[PDB]
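For reference, the chain that follows is the form deposited in one PDB entry, supplied as C-alpha cells.
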C-alpha cells in the first residue's frame, strides 16, 4: 500500500496519528528515506474547515525559512478531494517520549525548553498564537524539539484530548487570547518535565480541574528543587493573570536559559 505525491511514490510503513478526517503515516520514498505524510480527506470539509487547512499550510510553508525548530515541510499536494503533506518524520512526539520516561537529564530538559521557546517565538513574530499547545505538538528529531503545527487547522492525536495545558483566560472567555496564552501552556509542559506531572494532573475530575485552573486562591505546588532558576521560570509562566505573566522575549533572557 503506497501513495504518490507530486509524482514521487512512497510506501506506507505504518500509521502514527489521526483526527477528524486525517491520518499521519510514516512512509518511505524510493531510496528508503523516511518521511511522515499527512493525509487529509476533504470529502466533508466545510469552507471554513478547508480554509483553516489552506492557511495552516501557507504559514507552515512560509515559516520554515525562519526557524529550524519548526517541522520541515517538503512538498504537498492539494486537490478538492485531498491533501498530502510530505514532512520530516523525526523519532517521536514529545508526549509519547515523556510517558515512556521516568525522569529527565536536566541539561536535556533545558535544551528542549530552549527549542520550544524558539519555535513559538517564531510563530508569534508572524502574528500566530497557537493557543492549544501540548506535548503532542512537538516532535523529537536528532535530540531537538521541533514544532509540528500552528493551532490553525484542527488538532491531531499521535497513535479523548487533554485539558491540563489549557490557559486560564481561554476558560473565562466564555478577544482576550494573546501570546501570553502560549506561555501558560509552555509553562505546563516544563512543569511536567520537571515535576513528572502536569500542574493539575492529580485532580482527575474535569469540571473541578477547570475550576482549579481559574481559581486565584487555588495555588500551585512548586516542590523545591536544585535549579532555582527553573523554579522561577515555572512560577513566572504560570501566573493566572496574563498581564503579569512573563513574555517569550523575557523568557529568552531568563537566567534559566542564559546562564552556565
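Positions refer to the first chain, counted from 1. The term rigid core refers to the maximal set of C-alpha atoms that superpose within 1.5 Å between the two forms.
Are coordinates for residue 159 absent in a third or more of the other compared PDB entries?
-> Missing in at least a third of the others, so yes.
Look at the other compared PDB entries that model both sides of residue 175, then say whether a third or more of them leave it out.
-> It is, since residue 175 is left out of at least a third of the other entries that model both flanking stretches.
Look at the stretch from residue 88 to residue 89 and count the residues of the deposited sequence that the entry does not model, then pick none, 1 to 3, 4 to 9, or 10 or more.
-> Nothing is missing between them.
Indicate whether the chain is continuous between residue 174 and residue 175 or, if not, how many deposited residues are absent from the coordinates: none, 1 to 3, 4 to 9, or 10 or more.
-> In the record, 10 or more residues between residue 174 and residue 175 lack coordinates.
Greater mean Cα temperature factor according to the PDB record, 161-169 or 141-149 = The stretch with the larger mean CA B-factor is 161-169.
Residue range whose averaged C-alpha B-factor is higher in the record, 93-101 or 119-127 | Result of the comparison: 93-101.
Using the temperature factors in the entry, find which of 37, 34, 225, 63 has the highest value at its Cα atom.
-> Largest recorded C-alpha B-factor: 225.
Would you mind ranking residue 54 by its C-alpha B-factor against the rest of the chain and naming the third, lowest, middle or highest?
-> Lowest third, going by the recorded CA B-factors of the chain.
Residue 230: which third of its chain by C-alpha temperature factor?
-> It falls in the middle third of the chain.
Lowest, middle or highest third: where is residue 70 by Cα B-factor in its chain?
-> For residue 70, the deposited C-alpha B-factor lands in the lowest third.
Considering only modelled residues of the same chain, in which third does the CA B-factor of residue 81 rank: lowest, middle or highest?
-> Middle third.
Residue 178: which third of its chain by C-alpha temperature factor?
-> Answer is middle: the recorded C-alpha B-factor places it there.
If you look for the form deposited in another entry, you will not find it shown, but the lines that follow are about it.
Is_shifted residue 219 between the shown form and the other one (CA, 2 Å cut-off, rigid core) | Shift of 2 Å or more: no.
Core-aligned, is the CA shift for residue 252 between the shown form and the other one 2 angstroms or more?
-> No, the C-alpha position differs by under 2 Å between the shown form and the other one.
Rigid-core frame, C-alpha of residue 17, shift of 2 angstroms or more between the shown form and the other one | Indeed, residue 17 is displaced by 2 Å or more.
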